[PDB]
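Before any questions on how it binds or moves, here is one chain, the form deposited without this ligand, in structure tokens.
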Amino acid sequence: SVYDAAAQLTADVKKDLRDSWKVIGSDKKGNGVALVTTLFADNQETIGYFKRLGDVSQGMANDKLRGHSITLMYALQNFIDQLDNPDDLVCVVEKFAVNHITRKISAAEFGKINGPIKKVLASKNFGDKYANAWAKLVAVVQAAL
């Protein structure tokens, strides 16, 4: 249940999400491309789903990949801004869930983003505590897939 999952975002979890987002969200282009390209590097088997972006190995030089990555960071911005109101967080999560359901992305494969998030966070000196907080946010989307 997406609602029960949203209920797992306690005061402490919300605070860790906001504190870490202040840093990672400050460079959406740089950190977004880092996040997406790490997903491709660590899970080569997912590249097939991103056929529209062309040659993803080009990273930042690929305009479609850059546009996609920046936009992905605004989806995360959206989630963070809705943390105060569960009903609104749920309706935006379900909107993005549909974007992935139509692409045939399951909850398990969506969860493959946790590795990249942990790595990007670690590179900015945010440890497991923060990675786990972000895993709980990702879990809300998973509940909707």
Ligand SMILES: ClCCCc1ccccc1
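In case it trips you up, residue 1 is the first one in the sequence shown, and so on.
What comes next is about the form deposited with this ligand bound, which is not displayed.
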For residue 117, is any heavy atom within 4.5 Å of this ligand in the deposited complex, or not? yes
Are any of the heavy atoms in residue 35 no more than 4.5 Å from a heavy atom of this ligand in the deposited complex? yes
Proximity of residue 62 to this ligand in the deposited complex, heavy atoms at 4.5 Å: no
With the partner left out here, check for me: in the deposited complex, does some heavy atom of residue 89 sit within 4.5 Å of this ligand? no
With the partner left out here, which residues of 1 to 31 have a non-hydrogen atom within 4.5 Å of this ligand in the deposited complex? 20, 21, 24, 31
